[PDB]
Structure formats: structure tokens, C-alpha cells
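In what follows, a single structure is set out as C-alpha cells and then discussed.
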Amino acid sequence: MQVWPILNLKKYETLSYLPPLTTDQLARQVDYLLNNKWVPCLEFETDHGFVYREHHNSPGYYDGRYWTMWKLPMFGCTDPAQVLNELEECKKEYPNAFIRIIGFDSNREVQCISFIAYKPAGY
Amino acid sequence: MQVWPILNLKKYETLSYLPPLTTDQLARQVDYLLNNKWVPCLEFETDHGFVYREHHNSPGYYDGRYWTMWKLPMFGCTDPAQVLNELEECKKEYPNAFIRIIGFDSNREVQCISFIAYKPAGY
Amino acid sequence: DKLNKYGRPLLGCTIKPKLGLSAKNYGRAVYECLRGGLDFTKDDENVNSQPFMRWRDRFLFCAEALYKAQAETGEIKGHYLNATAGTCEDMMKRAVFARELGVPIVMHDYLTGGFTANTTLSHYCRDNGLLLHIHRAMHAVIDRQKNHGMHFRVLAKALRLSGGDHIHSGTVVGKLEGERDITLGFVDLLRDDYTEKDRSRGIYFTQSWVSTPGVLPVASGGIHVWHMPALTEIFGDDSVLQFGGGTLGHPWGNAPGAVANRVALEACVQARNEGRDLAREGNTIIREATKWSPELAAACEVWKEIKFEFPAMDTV
Amino acid sequence: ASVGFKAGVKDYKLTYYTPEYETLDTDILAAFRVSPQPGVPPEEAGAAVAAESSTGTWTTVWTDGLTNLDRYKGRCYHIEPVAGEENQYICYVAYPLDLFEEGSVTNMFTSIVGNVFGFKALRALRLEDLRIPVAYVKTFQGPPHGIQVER
Amino acid sequence: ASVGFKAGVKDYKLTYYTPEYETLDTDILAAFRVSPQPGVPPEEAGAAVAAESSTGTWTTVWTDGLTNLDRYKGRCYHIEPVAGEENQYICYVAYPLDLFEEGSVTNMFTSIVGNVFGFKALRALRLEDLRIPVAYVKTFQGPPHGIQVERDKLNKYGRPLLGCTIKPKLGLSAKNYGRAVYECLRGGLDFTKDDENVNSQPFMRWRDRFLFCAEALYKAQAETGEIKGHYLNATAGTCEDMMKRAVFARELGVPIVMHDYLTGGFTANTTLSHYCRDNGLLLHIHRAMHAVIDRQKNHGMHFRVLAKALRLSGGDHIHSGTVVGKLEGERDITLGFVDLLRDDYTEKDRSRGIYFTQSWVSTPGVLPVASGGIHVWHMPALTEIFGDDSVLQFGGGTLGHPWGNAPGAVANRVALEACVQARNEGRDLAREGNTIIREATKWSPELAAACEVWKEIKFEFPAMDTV
Amino acid sequence: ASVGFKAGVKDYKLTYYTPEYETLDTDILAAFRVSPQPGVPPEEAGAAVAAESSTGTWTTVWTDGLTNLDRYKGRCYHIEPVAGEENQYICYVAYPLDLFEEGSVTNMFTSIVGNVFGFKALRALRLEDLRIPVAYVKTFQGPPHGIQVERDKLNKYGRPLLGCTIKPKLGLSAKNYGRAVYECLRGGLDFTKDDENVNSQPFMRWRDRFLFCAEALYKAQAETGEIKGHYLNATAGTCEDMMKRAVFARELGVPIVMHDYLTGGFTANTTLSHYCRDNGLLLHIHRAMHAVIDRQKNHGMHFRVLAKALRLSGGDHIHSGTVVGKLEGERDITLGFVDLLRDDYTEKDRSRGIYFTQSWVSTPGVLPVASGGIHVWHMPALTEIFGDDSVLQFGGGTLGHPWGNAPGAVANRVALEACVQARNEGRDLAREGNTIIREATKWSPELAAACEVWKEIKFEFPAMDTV
Ligand SMILES: O=C(COP(=O)(O)O)[C@H](O)[C@H](O)COP(=O)(O)O
Ligand SMILES: O=C(COP(=O)(O)O)[C@H](O)[C@H](O)COP(=O)(O)O
Ligand SMILES: O=C(COP(=O)(O)O)[C@H](O)[C@H](O)COP(=O)(O)O
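Residue numbers (the numbering used here), protein chains in the order written: chain A, 1 to 123; chain B, 1001 to 1123; chain C, 2001 to 2316; chain D, 3001 to 3151; chain E, 4001 to 4467; chain F, 5001 to 5467.
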């Protein structure tokens, strides 16, 4: 029996417990997002990669949830190549940041997708 | 008259004010645990070796009390060699951690034993 | 939005044994479960306050435990602290201490506690930003038989009105009764804003909700890793899948038990997103994962041929 | 003594059918009219009811070892077949005083009547009576006034 | 049937001596050591005690007829003569459950112990024990936390806990109190405490003390890495004042407060016990004034009755005597009530003064606290008498050390662990105590000095209360 | 000057026997009857008592140096051997004002009576008296009303007040209680009262009783034209519950409630005393449990100390014994503490057990209540012992009357006024008592019947506590 590790075992929500996404796997997630007609958007963060509580600790309040938007949500995008390209533009600009791809469903006004697409060195 | 030292004088509860346990002394504590028919278990911690208060400070609340369990409590163990071996397995895996041996009394649901078995470098 | 969780069903786990654990052991079990990948752990429904563990002590140790798992993993964690009590006053004291601890979620047994107290708690939770997980203890005493009683869909609509953020909805494939078509029907009545009459699913009336928020159905009871594909497919992302015995029954402890469930779920989510058929490919999806997850493999080893298939008492 | 942890599921009757048990005067006793699904023996039906309404779940959990399960477990201590009934029995279950919150009918029902009536393994279930121990009775106010005071 | 009312006085034994009575498991039973005046027969003495402590008075009242007296009357169901005693008996009295207010130790004492000890017809009277029915036990909260919860909150296991009363008893300022508290705690003691008579006074007001003591304990805790506590005394003149103190302690986030349950009283004590349960504060109970009541064998109330009452009202610790220290406490009797305080079931055992089998239906156990004239050389006997679940306190034994408080604390902490290690290794604390201590002085300068200072100090006098 | 710290133990007499000390008028003085163990000299016994009840412990602590110990230490300033006693002395101890919390009887007892009675070195110890300094007296509210205010609120003057405890002690329902209360009051008694153990129970819950008793007393008052009261018992398990009862009594507009100050406790009692002052409620105090403490001459605390403490904490009435009734109470000793309870100044008088001259700086006086085994024939002795300012209570003596409660009350009321008239006319109550009573039976059928019933009932036993 194994002992689940304790150090340097930070996770990133959805898909973060699976092996690293391959180009194909990443591609398939983008396809999934677009096939369901959700709006893709990229978010990046370099200062606070995980949730914390510096300004308040009442129920449901956490800091670190908001990351910063890369450009704007890609309204009307139907080409996964556009998403993947923006991911490359974001990476070259913020190689030091964690970058995630999210997908909005404006009818429900909920993100039906969210996964980490890039992690900076040592992560 | 001596002045009780102030720096680097962190203690570890039971037995921590005595000279370091020798192999024999450590062995005798394990025997004591098993003779009383208590269930042995190992716990390790590398991040917060001492109690602190980061999330709350109401009466009786402290952080740092919970360490992480090595495998599972050794239910039905009657061989001290099994305990000492798990202590060696834990040490090789977590040479950076503080490791303690605890003993449960399920009838009272209280730990009737708890002592530090290994301390990482500089401790 | 509060939990910053999207794209997959949420994972929970009821601490076992149901009764008998001390407050410190409860927290200990809670920390191990959460650090492994579960989003929540919860008080078993009959754990209120008792000689073996008083509630405040439990709330306190569970807060220490969940905050520890959260800092370790980097994911928001919660533990349903049970506010169910004998009087409204006592119930409120518990909701109040949970608020003081800054934790995100509490729970209540709406039927044994009652609609009057439940509505009082629902308002308090709205007023204090606490998520409310609802357990339906006693419902089968009322809704099991086809000839007499009240169908659960009526008890579910009533709860959505009174107020609750989660509601146990059955597992379909687990240890307790729950037909798929009937379940899919009331799950829609719980989550959606409009549901057209559909007798094949037991829906006798078209029901509109005028934006009343939707309730997250919670599948719990005799489920384990092999059931993951069916659960993901029946409920979809907006559900909470809970594994108590399925986590604390793992041969390697709570943390690996949790990893097993978390890996199984994401494996199913990835497969589904890639176009695979969860119904036809479930076992293969799970099996593939065991190839890279020792934790899932062991769990799979343990529960490979455990099914719960009996004739249902309440059908359409 | 403690025995190792053996993961996996096993019959509830292994732990929860206790026909030789003498009830404590502090126990809460329940008389359940049990109608098992075909193929489910009375002992396992009564045991499943005792287990899931008290301390047990569907598979073996290691945490039982942190406690004294026999001190807490509810247990089917007697089973009597129902006359004129086809596959129906009266299973008696005993629940230790420590399992209940003082003064809370809500807690009492949540345990005894909380999840067992929906068991796939049972066709039907009726709770016919409860023997409430006087030590538990004393944790309640009871009527605000009562017959004598009211008159 | 009803019989007419016949005014006038008659023997109490006519209604209250009931030797054939089988006690109900819901009855509260009392064991009274009765010393009748010359000419007063045991039966009438026991009956007078049963009557006047329950439903009867000196003459016949017609109102008994409105009720069912036999349903309510307390009754002397057994009388046993005391061996070696001249005119002294143990009369057992049974009291129906309905006679007592749920959860009120105050009501229980008011009935059983309210007026009978002053009877002209008795020379003396002592209540030796009470069998508290589990149906009555369940009407009480009991300790706010109890032994298991306390060790869990403090993360302390495997050895008795160590305390220390700050001295001099009265006269220290608030800052000096904190100063003394910090030095003690940093040395290895788990707790320090307000002396019982330190409440609020011209020389040191309570809030100032609570404040400085919090600064001191938090400093010792950060320095040592072990959770520390200081019993802040909430005992006060009114319930209001008492509560203000409990409230400020809660605000400070400290783990433990204290109360004098007898001088403060059962009503206020029960109020504090509930508050502590509601706010997660450990409650250390001091028994000031108990010996005024429980010292003599012929008259009063044995401490075991006062101890059971406290477990019911509520307290996490209770001073239980030291056996070997400056104040009286026989070992067998002490071991007996210590079991009544910590365990869930105790079988009748007259050799230890236990007259009734007592069950607690999971009421948490109370940690006995040994304090009073004890020092390092007493450590082996203390560890052996009480075992791990006790708190051993050394006030003078710490602040009397020649090198100061910190070394005084190290001495006590080293002595205790030396005894714990020896015991765990199989050594006989009783036979090997001095050797265990002596060996430790070889590597602990602090213990050596303390040992130097108190080597031949003993407290051995004839006990007044024996079995 | 400061002298070095010398660790180790030394005789307490070195610091605490101070025979040349002149007491300060701000000191609290204690008279302890000390019975030392063989081999323990009086000086060391008295010094050990002074030390451990104030600032000292068993070994020398360095912290004394941070203070001015002589400014704070309690000290044995005088020792007098007890005549006819084998190894027993009266040691006088003086305690500086600064040692006590203002207004807290609880703190005062915790110090003076907290741990010294359990000293291994003493065989027995009794606190006989306390001289409470007027500077400390002024820190207390004292009675909520006091004798003058009470007579004024009730418009009652010129005779002792009459009461009656409802019987059986336990077991009556709320409606039957009111029924009994109405019959008693309409007959001429000024008060009726809850028996001390009647709090709230399965057979009768308190609110129901308060309610029916209010209906009953208001009915008797309207019928007779005299203000009536019924002591509603607020004694309870917690301060909260106690307060709820005081609050409902206030809502009912009734004049008097009651409390058991010893079983309830000083902390709760002081809280109730203040509430009563704040809400105009008379407070009747019962002393349940006192004889457990004050019966024996060799060990405990004399009632006069418990009585002074109650006057400080606060109470309008206090049970003081009957002298001639069923419970013990010597006349000279009783007359002495009755003066300590009602007057403003009492000079030292050892023949009555008064060891210190006590001044009260206008603290209101408390009305002594004689209750327990008394009846009509005792009226002349009661009127003469206590005088007008007392409350004479007849429970069995009223509910034991052959014609019912109303005639039972008439009997007691007629007997009292007959004695008051005779006394006022110059007759000697002691010599003429039986004749005064006998004459009254000639015109009062009610008194005659009562007289018939209790003619030869006496309670005369040897006292345990004498001067
Ligand atoms: O007992 C369990 C599940 O534990 P396990 O995962 O070990 O089976 C849950 O707390 C609810 O009782 C489910 O009932 P429902 O969902 O029908 O309300
Ligand atoms: O005075 C001391 C002990 O101080 P020291 O350690 O210096 O003797 C304690 O506060 C209690 O009074 C003990 O009494 P008991 O334990 O009998 O209640
Ligand atoms: O029992 C009685 C008197 O009833 P009865 O008149 O029938 O004797 C009183 O309530 C007190 O207990 C007196 O005790 P004390 O005055 O010593 O406090």
C-alpha cells in the first residue's frame, strides 16, 4: 500500500488528477468546448496560483479565485485553432504564469469547462 | 544556577524532555504499547512541525495538531518488529519529516501513547 | 462560482461508521479523505450531537482538518456540518458556529427536522452565505410504495421551494431503490427552469420555476468506482457523487480511497468529452485508468463484482 | 482483540444478527415488520435493517477499529415470522442509548427510520413500535402541561 | 384505600422504615452513617432521616391524602450496625426519581442533605454515598469536555499533565503574575493557574491579569512548541461577574478557565459548565471549602458525594487530593472516588468506601488534580496512584526551586517523564521510585537541585477519615 | 531591606505567628478553634492556618520578594487555650483588607475557609467567628430591603409575622398547593411558603405552582383585608433558571420569593439579592445544608459566620432555628447571632458565642425565621426569645390541625396575639405562657383543638454545640 504524497502535490481542479494532457488530448477538450457551443476564454495568473484568504474569511469568501483575463472571451469562435493559438500567444507573453482555458454557457451563465492549460516552471 | 535556554528548544510532548531514545528504549516503548493491546499507528509531518493558528483562534482551536497518517493503524499487530519496520519505511520515504508513533485504545477512543520517533535534520 | 469548481460532477464522502467516532477521529478521517481529491466530506445524517461526540467539538476539529486539506491540495474543500437538531434554537446555534468558522457548507435533514425549521435554516444560509446540503432521511417511509404515500418528486419540489443547495436524489445503481427514468425526471424538476409534462418519466404536469435556482442532486449509497461511468452519464456534471464506504473501505486508507474516486471520475469526464460512450465503454475507461493509477486499481480489485440489482417497487 | 482490516463486503448478519442478545434497559427497541425481496433470508434482512439504521454501511470500513463497534451497533436480537404471511417477519432491533441525541425526536427518527425503508433488498418495511428507555424519556420535556394540569 | 385523617404525631417508622423494600433502578439511594441520641432506636433514627429529607414532617398532615404518599416517600430500606461502633449505623434511604428536579444538583442536595443533619434526635450524621440512577444522570450535561476531548484539544497523550499554582497566594501584581506564568510554562509545565483565592482584588484586578497571563502563555507556547494553558479564575461574587470573566477568557482564545464550585455554588457552577460547553472552554474545578464538610468521619458528607455532584454539574478537572502531600487523603478511599470520577461503571466496593455500584451512561470522565505539598520525590508515587489521566500540580514545588520558575518546571517535567519511561519499561514505581528519580538527577541539573532542596520533606500524619 | 532567597521549607511560625500585632480596623479577623495533631505546637498550628489561608505555601518561594509580604500576610496574633480541652486552642487570625474582592462572600470564604480545614497537621478546625470591617461591609448591598422596609411594604407592625411551609414536602400538584395556600392564608397567617425542596419536579412544575399560588394568595388577601405573601422558590440548577423564576414572580406582582443560599450558592444568591433590590421583591432565605457544616463543636463553621455572610450577600429573612423545636439550637448562642443579624452594633460577648464586636454601618437587618417542629404551646417561648422582629412558621403545626388549614392558621394567629397582648400588658411569657394559651382556648375553639392535639409534644435532647 502506497501513502499519498504530501509535498508539492497541488492540484488544479478538473482533469488535474489525470496524466498530463497530450497535444491531442488538449485539442479534444477544446473541441468538446466548441462542439457544445460554449465561448472559450483564457485566464492567467502569476502571483497567486492557489486560493487563499487575505481580505476576509466569512463563509464562501476566498481570494485567489479571480485570475486575469487574456484579451476577451472568444465570442463566435468555431475554430479550435484560434483558441490554441491564443494559448500560445498567452504562453509567450506569460511563460511565468498558470494559464487555464474556460468555456462559458451564456444561457446558464456558468462555466461548463475549466482546465489548466499551462503551468510555469516547477509546477 | 543555570538559565533555561530559549533558542532552538522546541519540545515534542511525551518523553521529549528525556535524553534521546536509544534503540532499546524505543523498542521498550513499542513493547509497552503492544503489551497494553493498543493499536500502533505512525504519523508524519513536514510542513508544520508545531502548533500554530492560521485559520481560527477561538478557545481550543489550533492548527498543526493533525499530522498525516502513514498507511493505516496497524490493527491486530502483536509484533514490535512490524512497527519498527514501518518506522524505517516511513523514514526512508520522509527523511524530511517529523515522525511519531501513537497507540490507540478503541475502548476509550483515546491515544494512550504518543512520542516522536524521528526528527529531520537540524532538530 | 463560490467553490470555483466547473466541468465535472462534485465528489463527496460520508464519514463511517455512522455513529461511534470521536470528534478528533472524525477530523482525522475528514482530512485524509479531502487531501486525496474529494471536494467534500460530510457528517452522516444521524450524527447530530451525542455522548460519543458532541457537535461543537466536531465542527472545530473538522474545520481544522478541511483547512489543512485545502492548503495541501490547492482546491477549495468543504465538510457538511450537520445543523439538524431537536429545536430551532439548537439548530441555529450550529449554523451560527459554522458561520463563525468561515466554512462553506452545512447540512440539514429536511423531513426529520421538518419544513418549518428547514425554511428557517434556508433563509439563514441565504443571509450568511452558507451552502445548504439537504439530506432526505425518512423519505422512503413515505415514497416507496406505488399504491400509497407521496412520490419523491413532490418531496423534491417542496424542498426546492423551502430551500436547499443539494438534495440526496438516489443513485439508481446503488444499494437503495431508484428507477432511472423516474430519477431523470425529478432531477430535471430539481435543476431546470421548465419541464414539460412527460408521463414516461412520471411528470404529470409541466412545471415552470421563474428562475428559482436549481438544486444539485446528490447520488450516495452503495456506489463505488465501477459505477462511475453510469453515474457520470445519468447525472452529468451538475451532481455530487458521494462515496462513504467507497472511500473508507479502500484497502490503503482514506487518501488513496479518495484518489481512486477522483481519478475514476476524471477518467470518465475526459472520455465523455472525447466522445466516448460511457454506457458502452465504462468498464474500459475505468480499466485503462487502473493502468496508471495504483489507487484506482486497488479499489477496482476490491469491488469488481459488487452490484445491487433488485426488482423496483415503484415504477412508472 | 483487534483483528486486521479486511476490505470488501460481507453479510450484515455476520455483525448485526445477535439472537442471543439480552436487551439493556437503556436500549431503544424497535419492532419492524420486514417483507424481504425473494432470495433475501430473514436474518440478513433483519441484520441489514439493524446495520444501516445504526453504525454500518455496505462494505467494510477500517474506521470501525478506532471504536468499540459492539458497544454501539444496533442489533437484530429476535425474529418472529408473521402468521398468515407469505415472506414477512417481525424483526426486533436494539439500539444503545449512546446513539441518540438527548431530547431530539428528530435524531431518533433519523437513525431508526432514516434510510432502511428504501433498501433494494426489501419489498416493504413498517416500524410498528419503539420501546423508549426511561433514561431517554427523561431527556425530554414531554407535554407542556398534561392532563392534570390542563383540567 | 383512604383512611380517615388522624391528627397528631406518631413514629416516623410507621411510614418510613421499609426493610422489605426492593429499590427501583430509577431511585436515588443514600448511605447515611447515623449516630442516634441515647434512647433513639436505629429504626426510628433511619426513618426520621428518610421522612424529613423527602415528604414528611413532625406531625400528621391531612394533605398526604391528596397524594399517593407511598409513591413519593423516601424510605429507609436497610440498616446495618457499624463495626466497632458504639451506637452508630449505616441506614440506607431510597428516594423516588420524581422527587428531584432534572439537572439540578442544588435540588438533589436540598432534599437529601437539607435539614436532617440538625435533628435534635441525632448526635451526628454523615452522608457517605449516593447511587445516582442513570435516568437522573441523563438529565445533566456533565463535564463540558471530559478526559478524551481534553487530551484531543490539547494534543497531550501518554503521561499525567503538569500544573503549578502561582505563589504567593495573594499579593502579586498582574504583570508579575504573567512574568511568573511565562517562566513556569516555558520550562515544561502544561498549565499554570490562578490560586483559588485570586479572583479580583486591590493588588491585582482580574482583567489586567487575564490579559498579561494570555501574553505570557502564548509566549511560552511559541517558545516550546507545546500547547499551554493558564486557569483563569472566573469565580466571582455574582453570576454576572463570573460570566464577564468567562467571556473575556473566550475573547482571548485561551483553552481553560477555573471555578470554585463550592464557594461559588452549584447554581453558578452549572451556569458556567454550560457556558464552557457552549464556548469550547475547558473548566478546571477547585474544591475550596470541602474539608469544612468532608473531613470528619462522624459528621458531614464524604468527598465522594461532592465529587459525583461535580461530575453531574460539570467540570473537566477536579482537585482530588495528593494522598502523599500536605492535606489529608487516604489512598484506598482516594482510588475509589478517582474511579467514580473517571470511569463509566464502578461496582460496589466497601474496602474503598464505595457503597453503591454506580453507572454513568457515558457522562464524560473528570481528570483528578493532585496538588498540595508535593514535589519531585513524590512523582513516582503520584504517577502510580493516579496513572496518566490526572493533572499533577506543583506550585511551591516550582516557585520554590532555587534557580527560578523555568528550572523548577524542568525538574518536575523531567521527574514525571523519567517515571513514565520507567513504568513503561516495566519498572516498579513503588519499589524503584527513588532510584528512578536519582538516576535522572545524573543528567538533569535542574532535577538534581530540586532533589537537593526537598530530599527529606514528608507529610505523614494520622488520618481522620478512614474506611 | 531585601534578603536573599533561601529555597527550602521552614516553620510557618517564622512569618505567620505575630503575637505583638495590633489589628487594623480594616482587617477581617477570624476566630478559629484549632485542634492540632500530637506533636504540633499551638503557635505552628495557628501560623499554618494563617499562612495557607492567605499568602503562603509549604516551601519558600522567591516571588514573595516582588511584593511586600508583611503588608499582605494573614497573621495569627493571639492564641488562647480552650478550657477543659485537651489540645485545643482559639487562634485569632487577622487578614488585611486588600486580600478580599469587594462584595464577594465567595472570595472571603475561599480564602479563610478554603484549604486549611484539611491540613494533615490538624485533627480538627472550626471557624467560630469573623469580625467584618466596616470598610468591607460597605462593599456589599446587604439585604434587598431589611426589617424596616419589609414591615412598611407589608403594613405589618407590633407582633412577630406568621408563616407556614406547605406539606407534604414533595408530591403535591400545583392546584393542590394553591388550594392549601389559600386555606392557610385566609385563616390569619401572613405567609405560606414552598418547602425548600420544592423547586420544579415531575409532580409539580414551578410556573404552574407560581400561577396557582398567586391566585390563592390574592384570594385570601381580598377576603381578610391583610396583605399576604407566599414564598415562591426561585432556587434552581442554573442562574438562568433561577432568574426566570424571579422574573415570573415579578410579573405576578407578588411581594416575596425565596432562595436556598447554601445549596444554590453565594454567587447565585448575590445575583438574586441584587435582582430583588432592583425589582422590589422581598427575599426569604432558607439555610438548607447548614447543619452539615455547623453542627459539631470541633469541626466546621459556626452558623453565626454563615449568618453574617448571608446578611452581606443579601436576604430579607433567614431561617434561624427555633430553640424549642425539632432541630438543634441553644438559646444563648441563638440570641447572639439573632442580634448579629438584626442589629447595627454587637459587642463582643463570649457567653453568647460572640468573639468580636461587630458593626454594620447601617446594613439593613435580617428577620430571623423560627420554623421546625413548633406549635401553639411553643408560642410564648417563641415570642419571648425573638420578640416582634421575627417570622414564626408552622407547617405541620397548621396542616396538622384536625379541622383543616384555615382553623389551623386561626389557632396560631390567636395564640400569637394572645401572647402579644399578655406581654404588652406586663405578663411574664416565660412563667405565664401556659396560662396565656389556656385562657385563649376558652374563647377560641380553633386554638382549643390545636392545644388538644399537641399538649405534650416536646423536643428536648442534649445539644452538640454549646458555648
Ligand atoms: O449512508 C449514506 C451513504 O454512505 P455509503 O456511501 O457508505 O453507502 C448517506 O449518508 C445517505 O444515507 C444516502 O441516502 P439517500 O441518498 O437515499 O438520501
Ligand atoms: O494551594 C494549592 C497548592 O499549592 P502548593 O503546590 O504550593 O502546595 C492549590 O491551589 C489548592 O489549594 C489545593 O487544595 P485541594 O487539591 O485539596 O483542593
Ligand atoms: O421543614 C420545615 C418546617 O416545617 P414544619 O413546621 O412542619 O416542621 C422548614 O421548611 C425548614 O426546613 C426549617 O429548617 P431551618 O429553620 O433549621 O432552616
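Even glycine gets a Cβ: it sits at the ideal position worked out from N, Cα and C.
Self-check item: Burial state of residue 3145 of chain D (16 or more Cβ within 10 Å)
Solution: As a working mapping, residue 3145 of chain D is identified with position 145 in the fourth sequence. The residue in question, residue 3145 of chain D, is exposed, as its Cβ has fewer than 16 Cβ neighbours within 10 Å.
Exercise. Go ahead and label residue 2303 of chain C buried or exposed: buried means 16 or more other beta carbons lie within 10 angstroms of its beta carbon, across all protein chains shown.
Key: Translated into positions along the third sequence, residue 2303 of chain C becomes position 303. Burial check for residue 2303 of chain C: the Cβ neighbour count within 10 Å reaches 16 or more, so the residue is buried.
Exercise. Pull out every residue of the stretch 1035 to 1050 of chain B whose Cβ sits closer than 7 Å to any Cβ of chain E, in chain order.
Key: 1050
Practice problem: Go through the stretch 5180 to 5209 of chain F residue by residue and report every complete run of the alpha helix (DSSP H) that reaches 4 residues or more, in order. | Solution: DSSP runs (the alpha helix (DSSP H)) wholly in the stretch 5180 to 5209 of chain F: none.
Quiz item: Can you find a heavy atom of ligand 3 that lies under 6 Å from the Cβ of residue 5382 of chain F?
Solution: As a working mapping, residue 5382 of chain F is identified with position 382 in the sixth sequence. Distances between the C-beta of residue 5382 of chain F and the heavy atoms of ligand 3 are all 6 Å or more.
Quiz item: So does residue 4115 of chain E have its beta carbon nearer than 6 Å to some heavy atom of ligand 3?
Solution: The residue you call residue 4115 of chain E lines up with position 115 of the fifth sequence. For ligand 3, a non-hydrogen atom lies closer than 6 Å to the CB of residue 4115 of chain E.
Self-check item: Backbone CA spacing between residue 5113 of chain F and residue 1123 of chain B [nearest angstrom]
Solution: Residue numbering aside, residue 5113 of chain F sits at position 113 when the sixth sequence is read from its first letter. Residue numbering aside, residue 1123 of chain B sits at position 123 when the second sequence is read from its first letter. Between residue 5113 of chain F and residue 1123 of chain B, the C-alpha separation is close to 50 Å.
Self-check item: CB contact check: residue 4237 of chain E to chain C, cutoff 7 Å
Solution: Within the fifth sequence, numbered from 1, the residue matching residue 4237 of chain E stands at position 237. No - not a single Cβ of chain C is within 7 Å of the one on residue 4237 of chain E.
Quiz item: Under 7 Å between the Cβ atoms of residue 5294 of chain F and residue 5303 of chain F?
Solution: Translated into positions along the sixth sequence, residue 5294 of chain F becomes position 294. Translated into positions along the sixth sequence, residue 5303 of chain F becomes position 303. Against a cut-off of 7 Å, the Cβ pair of residue 5303 of chain F and residue 5294 of chain F comes out as a contact.
Exercise. Report the residues of the stretch 2047 to 2059 of chain C with a CB closer than 8 Å to any CB of chain D, ordered along the chain.
Key: 2048, 2049, 2050, 2051 and 2052
Quiz prompt | Residue ranges of each beta strand (DSSP E) within the stretch 8 to 95 of chain A, 3 or longer | solution = 39 to 45 and 68 to 70
Exercise. Report buried or exposed for residue 106 of chain A, applying the criterion of at least 16 other Cβ atoms within 10 angstroms of its Cβ.
Key: Against the first sequence, residue 106 of chain A aligns to sequence position 106. The residue is exposed, with fewer than 16 neighbouring Cβ atoms inside 10 Å.
Quiz item: In chain order, what residues of the same chain have a beta carbon less than 8 Å from the beta carbon of residue 4242 of chain E, not counting five sequence neighbours either side?
Solution: As a working note, residue 4242 of chain E is residue 242 in the fifth sequence. These residues qualify, in order along the chain: 4234, 4235, 4236, 4259, 4264, 4268, 4271 and 4272.
Practice problem: Kindly indicate the opening and closing residues of the alpha helix (DSSP H) around residue 5274 of chain F. | Solution: Here residue 5274 of chain F is taken as the residue at index 274 of the sixth sequence, counted from 1. Counting along the chain, the alpha helix (DSSP H) containing residue 5274 of chain F begins and ends at 5266 to 5279.
Quiz item: If you measure from the CB of residue 4057 of chain E, is any heavy atom of ligand 3 nearer than 6 Å?
Solution: As a first step, residue 4057 of chain E is located in the fifth sequence; it is residue number 57 there, counting from the start. It does: the Cβ of residue 4057 of chain E is within 6 Å (strictly closer) of some heavy atom of ligand 3.
Quiz prompt | Chain-ordered chain H contacts of residue 5123 of chain F [CB-CB under 7 Å] | solution = In the displayed structure, chain H is absent; the protein chains listed are A, B, C, D, E and F.
Practice problem: Using DSSP bridges, identify the partner residues of residue 4358 of chain E. | Solution: The sequence position of residue 4358 of chain E within the fifth sequence is 358, counting from 1. DSSP, once it has assigned bridges, lists E:4346 as partnering residue 4358 of chain E.
Quiz item: Is residue 4145 of chain E near ligand 1, going by C-beta to nearest heavy atom under 6 Å?
Solution: Looking up residue 4145 of chain E in the fifth sequence gives position 145. No, the beta carbon of residue 4145 of chain E sits no closer than 6 Å to any heavy atom of ligand 1.
Exercise. Taking all protein chains shown into account, decide if residue 2150 of chain C is buried (16 or more other Cβ within 10 angstroms of its Cβ) or exposed.
Key: Residue mapping note: residue 2150 of chain C aligns to position 150 of the third sequence, counting from 1. Exposed.
Quiz prompt | Beta-carbon proximity check, residue 5061 of chain F vs residue 4426 of chain E, cutoff 7 Å | solution = Here residue 5061 of chain F corresponds to residue number 61 of the sixth sequence, with the count starting at 1. Here residue 4426 of chain E corresponds to residue number 426 of the fifth sequence, with the count starting at 1. Contact: no.
Self-check item: Beta-carbon proximity check, residue 5365 of chain F vs residue 5342 of chain F, cutoff 7 Å
Solution: Counting from one through the sixth sequence, the residue named residue 5365 of chain F turns up at place 365. Counting from one through the sixth sequence, the residue named residue 5342 of chain F turns up at place 342. In contact: residue 5365 of chain F and residue 5342 of chain F (Cβ atoms closer than 7 Å).
Self-check item: Spatial distance of residue 62 of chain A from residue 2200 of chain C (CA atoms)
Solution: Position 62 of the first sequence, counting from 1, holds the residue named residue 62 of chain A. Position 200 of the third sequence, counting from 1, holds the residue named residue 2200 of chain C. Near 44 Å, if we compare the C-alpha coordinates of residue 2200 of chain C and residue 62 of chain A.
Exercise. Scan the stretch 3093 to 3136 of chain D and note each continuous alpha helix (DSSP H) run of 4 residues or more that stays entirely inside, going in chain order.
Key: 3105 to 3112
Quiz item: the stretch 2269 to 2292 of chain C: which residues have C-beta closer than 9 Å to a C-beta of chain A, in chain order?
Solution: 2269, 2270, 2272, 2273, 2274, 2275, 2289 and 2292
Exercise. State the DSSP-derived secondary structure class of residue 3080 of chain D, mapped to helix, strand or coil.
Key: Residue 3080 of chain D sits at position 80 when you count from the first residue of the fourth sequence. Residue 3080 of chain D falls in the strand class under three-state DSSP.
Self-check item: For residue 4007 of chain E, the nearest candidate out of F:5451, F:5460 and F:5464 (CA to CA)
Solution: Start at 1 with the first residue of the fifth sequence, and residue 4007 of chain E comes out as number 7. The residue with the shortest Cα to Cα distance from residue 4007 of chain E is F:5451.
Quiz prompt | Nearest residue (CA-CA) to residue 5219 of chain F, options F:5185, F:5359, F:5204 and F:5119 | solution = As a working mapping, residue 5219 of chain F is identified with position 219 in the sixth sequence. Closest option to residue 5219 of chain F, Cα to Cα, is F:5185.
Quiz item: Rounded to a whole number of angstroms, what is the C-alpha to C-alpha distance between residue 2019 of chain C and residue 4385 of chain E?
Solution: For this step, residue 2019 of chain C is matched to residue 19 along the third sequence. For this step, residue 4385 of chain E is matched to residue 385 along the fifth sequence. In a straight line, the C-alpha of residue 2019 of chain C is about 34 Å away from that of residue 4385 of chain E.
Quiz item: Using the beta-carbon count (16 or more within 10 Å), is residue 2016 of chain C buried or exposed?
Solution: Working through the third sequence from its first residue, we reach residue 2016 of chain C at position 16. Buried: at least 16 other Cβ atoms inside 10 Å.
Quiz prompt | Candidates C:2173, C:2059 and C:2070: closest to residue 6 of chain A by CA position | solution = Here residue 6 of chain A refers to the residue found at position 6 of the first sequence. With distances taken between Cα atoms, residue 6 of chain A lies closest to C:2070.
Self-check item: Cβ-heavy atom distance, residue 5290 of chain F to ligand 2, below 6 Å
Solution: By one-based count along the sixth sequence, residue 5290 of chain F stands at place 290. Checking every heavy atom of ligand 2 against the Cβ of residue 5290 of chain F, none is found closer than 6 Å.
Self-check item: chain E contacts made by the stretch 3107 to 3137 of chain D, where a contact means CB separation under 9 Å
Solution: 3133, 3134, 3135, 3136 and 3137
Quiz item: If you run the structure through DSSP and keep just helix, strand and coil, what is residue 4069 of chain E?
Solution: In the fifth sequence, residue 4069 of chain E corresponds to position 69, counting from 1. Correct three-state label for residue 4069 of chain E: helix.
Quiz item: Can you tell which of D:3067, D:3128, D:3108 and D:3004 has its C-alpha closest to the C-alpha of residue 3033 of chain D?
Solution: One-based indexing of the fourth sequence puts residue 3033 of chain D at position 33. Here the closest residue by C-alpha is D:3128.
Practice problem: Quick one: grab the DSSP three-state call for residue 3053 of chain D. | Solution: Counting from 1 along the fourth sequence, the entry for residue 3053 of chain D is found at position 53. Coil at residue 3053 of chain D, not helix or strand.
Self-check item: Per-residue contacts from residue 4418 of chain E into chain B (C-beta, under 8 Å)
Solution: On the fifth sequence, residue 4418 of chain E is found 418 positions in, with the first residue counted as 1. Correct list: 1018.
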